[PDB]
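**Q** There's a structure below that I have some questions on.
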Number of protein chains: 2
Amino acid sequence: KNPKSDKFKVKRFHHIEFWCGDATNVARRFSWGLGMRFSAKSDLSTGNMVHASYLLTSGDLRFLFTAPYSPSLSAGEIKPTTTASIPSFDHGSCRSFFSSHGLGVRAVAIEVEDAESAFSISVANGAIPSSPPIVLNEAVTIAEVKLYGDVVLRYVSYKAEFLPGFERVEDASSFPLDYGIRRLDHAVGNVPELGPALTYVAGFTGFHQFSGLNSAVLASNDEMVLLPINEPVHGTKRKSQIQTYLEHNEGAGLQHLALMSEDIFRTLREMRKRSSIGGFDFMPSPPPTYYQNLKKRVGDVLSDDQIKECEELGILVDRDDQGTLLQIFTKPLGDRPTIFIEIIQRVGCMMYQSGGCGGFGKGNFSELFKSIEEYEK
Amino acid sequence: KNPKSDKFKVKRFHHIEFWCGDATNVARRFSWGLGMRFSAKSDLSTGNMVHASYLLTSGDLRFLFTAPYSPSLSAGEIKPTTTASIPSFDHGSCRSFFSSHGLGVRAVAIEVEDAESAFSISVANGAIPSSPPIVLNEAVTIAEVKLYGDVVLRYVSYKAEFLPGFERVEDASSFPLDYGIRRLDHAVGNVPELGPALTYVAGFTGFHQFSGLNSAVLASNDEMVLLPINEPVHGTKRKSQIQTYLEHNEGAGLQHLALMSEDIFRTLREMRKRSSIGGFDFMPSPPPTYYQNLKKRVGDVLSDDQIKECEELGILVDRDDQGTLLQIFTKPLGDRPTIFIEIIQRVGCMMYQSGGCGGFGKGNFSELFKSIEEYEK
Ligand SMILES: CCn1cc(Cl)c2c(C(=O)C3=C(O)[C@@H]4CC[C@@H](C4)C3=O)ccnc21
Ligand SMILES: CCn1cc(Cl)c2c(C(=O)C3=C(O)[C@@H]4CC[C@@H](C4)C3=O)ccnc21
Ligand SMILES: [Co+2]
Ligand SMILES: [Co+2]
C-alpha cells in the first residue's frame, strides 16, 4: 500500500554533501574511485572566502565535498555580505561535525517544488529547523531541517548550474570519467532508536512506510526518494554492526549511500581495478556456495554466464515478489568503520522502472549465513 | 665552506608526517598521484584505538598520514597504557593543528644516531621541546622539538619495520606503484621572520648555512639534510607568495617538499597522466622562450632532444658552479594555497652525489621573469 501522503511536492534526490577536512583530497579520491567527473566548484578561485566546495557528477548522481577555510579569511564578513555559496555553511558547525564524526554526509538533498513551502510545512509538522529558506540570485531556494544526528535533509527548488556562485570546471580539469553510476537509489541512516526516528521523519514529510538490526524504509509518493533507517539489536552473538557504527561515529548518522548503476558488471570491473590504486575496497565476496545457490533462486532471471559474472565480481543478488536486485558493498569510505557505499542495479517492475524494484536485499542476510555454513562443508 | 658543526650525529631524512582529517583519503590520493606504495599501517585493525596512520613509500621516501579517531575509543587509556603507536600523538593537538592550518606537514623526521642524545643536546642548545624521548619496544627511540610554527623536527634512532606497532600491509592492498621518486631532497619552511628562525634552528642543531622572499638553507655535516627557510618581502608589485602562505596557513609552516626522482622525465610523464584523474596538478609551464634560452644555458649538459623533453613536461632547469638541476612544482596539495611539492633531479657533483648539487633553482626566478617578457614579443 502507498497512501501517497507527502505533505509537499518532492521530486528526486538532488545531491549528497560530505563535510570534509580537506575537500580537494576527498573529492579527487572519490572521482577516481567511483568514476565521477569534476563538474563545478566554489572556492577561492571563484571568490568564495568561506568554504571550498567541489561537485562530482556521474549521470544524475551529484556528490558535493565541502571544507572550511581559515575563518580569518572572512572575518570581516557578515551573513548579508557573505561570499559563501552555500549560505547554511558555518565554520564552527563544520569543524564540530568533522571532529565528532570524521568524514561523512552532512546533507541529504532532495529537489522539491518550492523549498520555502517544503520548509514551512515540514517545521509546522514537527521538523527541527536547521537553516531557513534562502533564495540565491533569485533563482534557487535552499532550506534545511534536521534528519537524524547531525545530518540534515536539504530542500532545493529551482525557478527554471548546480547553485549560483558555483562555476563549471575547466575542461582540462574535468576528465570525463564514467564507470556506469547514474543516480542515488537510497540513503540509509543508523539511529539508536528506530521508532522515534521514523515517527519524526514520517511526521514532517508524510513519507509512507515502504541480524543485529531492525529497519524500516520511508518513501516519497512515487517511491523515488527512499530513506531506510536502522537501529541496533543488542545482546547478539556477533556484535551489532549498527552499534559499532554509533560508537565510532559518536552517534546517529548516515550509514550508506546506494548508487544505481546502468551496468553493474562494468561499474564493478572498473571499481575493482582501482581498489588498490587509490579507489575503494569491497567487502569479502560470498563463498562459491552462494553462487551455486543462485541458480535455484534467480536462474530464471540470470543466465549461468551472468551468474558466473556475478561470482567473478562478488555481486550479491536478491529477489522479491516483483523484481530482482544486484548489489555489492564497499569497505568504509574513510578511517572510521562508519559510512560505506552500495552499488545497485534493479531488474523488473517496468511500467520507466518503479522505485525500490526488488527491495533492498534483506534476503541476503539469511542467504549469506546459510551459504557460509554450507561452505564449511 | 662547510664547518661540519652538527651538535649530534645526523644521518638522513627519515619520513614526513602529514596531520589529516581523514588519513585514508589523503593517503590514497597521494599514493596514486605520486606513485607510492602502501607499506605499513597502524590503526584499529592493528589495535591502535587512538589514531589511524598509513605509511606510503617510494624508494627511501616515506610519507606518513595520520588522523585521530574519536577520543571516546581511548577514553580509558593513559599514556602508560596507550595503544597509540606514535606516543607523541595527541587528539587535541592534531585537531587544533588541522583546524588552524588545514592539511599539512606536522613532522619533518630525521634519522640520528641516538634520539635521546639528539633531544638533550638540542634542548640544551635552545630547542623548544615538543615530545620527550620515548623508547618503543626497546628498539626505536623517538623525540620531537619545535622547528617552526606547529611543525616539529622529529628525531628517530634505531638500535639495529617502520615503527613498533606498525604492521606491514597485505600484498593485495599494496599495489607496487612507482613513478621514479626515490628520496626527500629538502623540506622548506615559510616563517614571518627569517633571521630569528635561522638563529633558532642553527642554534640547536649546529647546521651550517648552505622576488617576494628572502631565503637561506641550513644543512647537516654531509649536506644531505637540507632545510631551506623563507620569509616574505613586503610592498612588491605582485604580492609575496610567502605572505599569501602565512595568511592562508595561519602562520609559519612547511611550504614545500622536494622529492628526488631517479628519472624526472618518467616521474613527470606518469604524474601528468594522472593530474585530472585523482593525481596532482602542475604549475603553468614556462613559455617556449624559456626552452629556447635553455640551449644557451645548459646546451653542454642536455641534448636538444632532452631539452625538448623538458619542454614537453614543463620542467625547469638551473645550473650553478658545480651541477645542474631539473625541477618542477605542483599546484597546492590541498584546499589552501599553502603546501606544494617539487620534483627534482640533480646532475653532477659525483664524488655518490654530493648534496644540494646544482643549488635550489634560484636562478629560475630571473630566467622566468625574463622569459615571460621575452615571450610577449
Ligand atoms: C549482506 C549484509 N548486508 C549489509 C548491508 Cl548494508 C545489507 C543491506 C542494505 O543495504 C540495507 C538497506 O538498504 C535496507 C535498510 C537496512 C537494511 C535494508 C540493510 O541492511 C541489505 C541486505 N544485506 C546487507
Ligand atoms: C619558479 C618560481 N619558484 C617557485 C619555487 Cl618553490 C622556487 C624554488 C624553490 O624550490 C625554493 C627552494 O628550494 C630554495 C629555498 C627558497 C628558495 C630557494 C625557493 O624558492 C627555487 C627557484 N624558483 C622557484
Ligand atoms: Co542498501
Ligand atoms: Co625547492
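Residue names in the C-alpha cells use chain letters A, B, ... in the order shown, residue numbers from 1 in each chain, and ligand numbers from 1 in the order shown.
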Restrict the distance test to only C-alpha atoms, flag each residue of chain B within 9 Å of chain A, and return the flagged residues as a PyMOL selection string.

**A** chain B and resi 20-33+35+37-38+43-44+52+67-70+72-73+95+98-103+172-175+177+247-250+275-279+281+333-336

**Q** How would the residues just picked look written out with N, CA and C atoms as a short mmCIF file (atom, residue, chain, number, x, y, z; two decimals), in the first residue's frame?

**A**
data_model
loop_
_atom_site.label_atom_id
_atom_site.label_comp_id
_atom_site.auth_asym_id
_atom_site.auth_seq_id
_atom_site.Cartn_x
_atom_site.Cartn_y
_atom_site.Cartn_z
N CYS B 20 46.10 14.98 9.23
CA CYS B 20 44.97 14.95 8.31
C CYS B 20 43.68 14.92 9.10
N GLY B 21 42.58 15.18 8.40
CA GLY B 21 41.29 14.91 9.00
C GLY B 21 40.88 13.47 8.76
N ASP B 22 41.11 12.99 7.53
CA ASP B 22 40.90 11.59 7.18
C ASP B 22 42.17 11.09 6.50
N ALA B 23 42.92 10.23 7.18
CA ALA B 23 44.20 9.78 6.64
C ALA B 23 44.01 8.88 5.43
N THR B 24 42.95 8.07 5.44
CA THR B 24 42.67 7.13 4.35
C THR B 24 42.57 7.84 3.01
N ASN B 25 41.74 8.88 2.94
CA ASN B 25 41.51 9.52 1.64
C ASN B 25 42.73 10.29 1.17
N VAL B 26 43.44 10.95 2.09
CA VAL B 26 44.66 11.65 1.69
C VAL B 26 45.72 10.65 1.25
N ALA B 27 45.92 9.59 2.04
CA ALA B 27 46.93 8.60 1.67
C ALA B 27 46.62 7.96 0.32
N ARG B 28 45.35 7.63 0.05
CA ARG B 28 45.03 7.00 -1.24
C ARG B 28 45.25 7.97 -2.40
N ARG B 29 44.89 9.25 -2.22
CA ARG B 29 45.12 10.24 -3.26
C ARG B 29 46.62 10.39 -3.53
N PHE B 30 47.41 10.52 -2.47
CA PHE B 30 48.86 10.69 -2.63
C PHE B 30 49.49 9.46 -3.28
N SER B 31 49.06 8.26 -2.86
CA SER B 31 49.62 7.03 -3.43
C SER B 31 49.49 6.99 -4.95
N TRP B 32 48.27 7.24 -5.44
CA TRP B 32 48.02 7.25 -6.87
C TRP B 32 48.72 8.41 -7.57
N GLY B 33 48.68 9.59 -6.97
CA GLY B 33 49.21 10.77 -7.63
C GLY B 33 50.73 10.79 -7.73
N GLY B 35 52.79 7.83 -7.02
CA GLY B 35 53.34 6.53 -7.32
C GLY B 35 54.02 5.94 -6.11
N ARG B 37 53.83 3.30 -2.73
CA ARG B 37 53.20 2.08 -2.27
C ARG B 37 52.73 2.22 -0.85
N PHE B 38 51.58 1.62 -0.57
CA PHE B 38 51.17 1.43 0.81
C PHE B 38 52.05 0.37 1.46
N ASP B 43 46.41 1.15 12.96
CA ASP B 43 45.04 1.65 13.01
C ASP B 43 44.20 0.69 13.86
N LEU B 44 42.87 0.79 13.76
CA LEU B 44 42.02 -0.09 14.55
C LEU B 44 42.35 -1.55 14.30
N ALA B 52 44.72 6.74 13.34
CA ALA B 52 44.92 5.97 12.12
C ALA B 52 46.14 6.55 11.40
N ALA B 67 45.49 10.60 11.27
CA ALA B 67 44.28 11.30 11.70
C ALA B 67 43.79 10.70 13.01
N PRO B 68 43.15 11.50 13.86
CA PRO B 68 42.63 10.98 15.13
C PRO B 68 41.31 10.25 14.96
N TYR B 69 41.13 9.17 15.73
CA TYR B 69 39.81 8.60 15.97
C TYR B 69 39.06 9.44 16.99
N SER B 70 37.80 9.09 17.22
CA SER B 70 37.06 9.69 18.33
C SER B 70 37.83 9.47 19.63
N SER B 72 36.62 9.04 22.37
CA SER B 72 35.86 8.11 23.19
C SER B 72 36.40 6.69 23.10
N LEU B 73 37.05 6.33 21.98
CA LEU B 73 37.56 4.97 21.83
C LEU B 73 38.70 4.67 22.80
N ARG B 95 43.77 17.88 16.17
CA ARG B 95 42.59 18.61 15.73
C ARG B 95 42.85 20.11 15.67
N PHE B 98 44.99 20.86 12.55
CA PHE B 98 44.28 20.76 11.28
C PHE B 98 43.25 21.87 11.13
N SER B 99 42.56 22.21 12.22
CA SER B 99 41.62 23.33 12.18
C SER B 99 42.33 24.63 11.82
N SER B 100 43.54 24.83 12.36
CA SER B 100 44.27 26.07 12.14
C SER B 100 44.91 26.12 10.76
N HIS B 101 45.53 25.02 10.33
CA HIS B 101 46.39 25.03 9.15
C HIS B 101 45.82 24.30 7.96
N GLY B 102 44.83 23.44 8.16
CA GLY B 102 44.40 22.52 7.13
C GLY B 102 45.48 21.45 6.95
N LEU B 103 45.35 20.72 5.85
CA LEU B 103 46.24 19.60 5.59
C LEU B 103 47.67 20.08 5.44
N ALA B 172 47.82 -7.65 -1.25
CA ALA B 172 46.71 -7.28 -2.12
C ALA B 172 46.36 -5.80 -2.01
N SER B 173 46.52 -5.21 -0.82
CA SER B 173 46.33 -3.77 -0.67
C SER B 173 47.57 -2.97 -1.03
N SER B 174 48.68 -3.63 -1.33
CA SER B 174 49.94 -2.96 -1.61
C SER B 174 50.25 -3.18 -3.09
N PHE B 175 49.67 -2.33 -3.92
CA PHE B 175 49.98 -2.34 -5.34
C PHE B 175 51.34 -1.69 -5.56
N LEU B 177 53.07 0.47 -7.03
CA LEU B 177 53.23 1.68 -7.83
C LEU B 177 54.64 2.25 -7.66
N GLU B 247 49.20 33.90 5.52
CA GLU B 247 47.81 34.26 5.75
C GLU B 247 46.89 33.05 5.67
N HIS B 248 47.03 32.24 4.62
CA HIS B 248 46.13 31.11 4.45
C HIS B 248 46.47 29.95 5.38
N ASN B 249 47.71 29.84 5.83
CA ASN B 249 48.12 28.78 6.74
C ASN B 249 47.91 29.13 8.20
N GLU B 250 47.50 30.37 8.49
CA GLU B 250 47.52 30.90 9.85
C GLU B 250 48.91 30.79 10.46
N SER B 275 47.06 13.74 -13.43
CA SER B 275 46.66 15.02 -12.85
C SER B 275 45.15 15.18 -12.75
N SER B 276 44.44 14.82 -13.81
CA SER B 276 43.00 15.03 -13.88
C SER B 276 42.20 13.79 -13.50
N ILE B 277 42.85 12.72 -13.06
CA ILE B 277 42.13 11.54 -12.61
C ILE B 277 42.58 11.17 -11.21
N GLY B 278 42.67 12.17 -10.35
CA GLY B 278 42.87 11.94 -8.93
C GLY B 278 44.24 12.33 -8.44
N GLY B 279 45.15 12.65 -9.35
CA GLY B 279 46.54 12.96 -9.01
C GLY B 279 46.77 14.43 -8.70
N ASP B 281 48.11 18.39 -9.87
CA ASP B 281 48.25 19.34 -10.95
C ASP B 281 49.61 20.00 -10.85
N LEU B 333 48.76 21.04 -2.63
CA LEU B 333 48.31 19.67 -2.44
C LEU B 333 46.89 19.56 -1.91
N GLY B 334 46.36 20.60 -1.27
CA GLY B 334 45.01 20.52 -0.73
C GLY B 334 44.23 21.79 -1.01
N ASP B 335 43.24 22.09 -0.16
CA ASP B 335 42.32 23.20 -0.43
C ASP B 335 43.01 24.56 -0.39
N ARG B 336 43.95 24.74 0.55
CA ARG B 336 44.54 26.06 0.78
C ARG B 336 45.80 26.24 -0.05
#

**Q** Which residues form the shell of 12 Å around ligand 4 when you count only C-alpha atoms and all ligand atoms, given as a ChimeraX atom specification?

**A** /B:184-190,215-217,226-230,254-260,316,318,325-330,339-345,356,358-364

**Q** For a quick check of understanding, using only C-alpha atoms and all ligand atoms, which of A:261, A:306, A:214, A:353 has the smallest distance to ligand 1?

**A**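 Counting only C-alpha atoms and all ligand atoms, the residue closest to ligand 1 is A:214.
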
**Q** Which residue out of A:357, A:152, A:75, A:160 has the minimum interatomic distance to residue 321 in chain A when only C-alpha atoms are used?

**A** A:357

**Q** Between A:14, A:346, A:331, A:297, which one has atoms that come closest to residue 367 in chain A, using only C-alpha atoms?

**A**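 For residue 367 in chain A, the nearest of the given residues is A:297.
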
**Q** If you run DSSP on the backbone, which residues of range 16-121 of chain B are helix (DSSP H, G or I), as a PyMOL selection string?

**A** chain B and resi 23-34+44-46+71-74+79-81+91-101+115-121

**Q** Please compute the CA of residue 202 in chain A-atom 6 (Cl, counted along the ligand's line) of ligand 1 distance, one decimal, in Å.

**A**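 Atom-to-atom, CA of residue 202 in chain A and atom 6 (Cl, counted along the ligand's line) of ligand 1 are spaced 21.8 Å apart.
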
**Q** If you run DSSP on the backbone, which residues of range 222-253 of chain B are strand (DSSP E), as a VMD selection string?

**A** chain B and resid 226 to 232 253

**Q** Enter the distance from CA of residue 218 in chain A to CA of residue 199 in chain A, in Å, rounded to one decimal.

**A** 10.3 Å

**Q** At a cut-off of 8 Å, using only C-alpha atoms, what residues contact residue 232 in chain A? Leave out same-chain residues fewer than 6 positions from it and give the result as a PyMOL selection string.

**A** chain A and resi 191-193+212-214+240-243

**Q** Please produce a file of those selected residues containing N, CA and C atoms, as a short mmCIF file (atom, residue, chain, number, x, y, z; two decimals), in the first residue's frame.

**A**
data_model
loop_
_atom_site.label_atom_id
_atom_site.label_comp_id
_atom_site.auth_asym_id
_atom_site.auth_seq_id
_atom_site.Cartn_x
_atom_site.Cartn_y
_atom_site.Cartn_z
N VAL A 191 20.37 4.92 13.64
CA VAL A 191 19.94 5.69 14.80
C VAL A 191 19.94 4.77 16.01
N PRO A 192 20.03 5.34 17.22
CA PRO A 192 19.92 4.48 18.42
C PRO A 192 18.53 3.89 18.60
N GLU A 193 17.47 4.60 18.19
CA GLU A 193 16.09 4.15 18.39
C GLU A 193 15.29 4.37 17.12
N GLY A 212 21.28 -8.35 13.98
CA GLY A 212 21.86 -7.19 14.64
C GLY A 212 21.14 -5.88 14.39
N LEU A 213 20.03 -5.88 13.65
CA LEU A 213 19.37 -4.62 13.31
C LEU A 213 17.88 -4.83 13.12
N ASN A 214 17.13 -3.75 13.33
CA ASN A 214 15.78 -3.57 12.82
C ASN A 214 15.78 -2.38 11.88
N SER A 240 26.39 -6.10 17.08
CA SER A 240 25.63 -5.41 16.04
C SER A 240 26.48 -4.38 15.32
N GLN A 241 26.58 -4.50 14.00
CA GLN A 241 27.34 -3.53 13.23
C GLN A 241 26.72 -2.15 13.31
N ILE A 242 25.41 -2.07 13.57
CA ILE A 242 24.78 -0.77 13.78
C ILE A 242 25.32 -0.13 15.06
N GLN A 243 25.50 -0.93 16.11
CA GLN A 243 26.06 -0.40 17.35
C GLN A 243 27.51 0.01 17.16
#

**Q** Write out as a short mmCIF file (atom, residue, chain, number, x, y, z; two decimals) with C-alpha atoms, in the first residue's frame the residues lying within 6 Å of range 162-167 of chain B, counting only C-alpha atoms and excluding same-chain residues fewer than 4 positions away.

**A**
data_model
loop_
_atom_site.label_atom_id
_atom_site.label_comp_id
_atom_site.auth_asym_id
_atom_site.auth_seq_id
_atom_site.Cartn_x
_atom_site.Cartn_y
_atom_site.Cartn_z
CA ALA B 40 52.66 -0.08 6.69
CA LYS B 41 49.68 0.78 8.86
CA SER B 42 48.79 1.39 12.48
CA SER B 85 51.86 3.65 18.05
#

**Q** To one decimal place, how far is CA of residue 179 in chain B from CA of residue 270 in chain B in Å?

**A** 6.1 Å
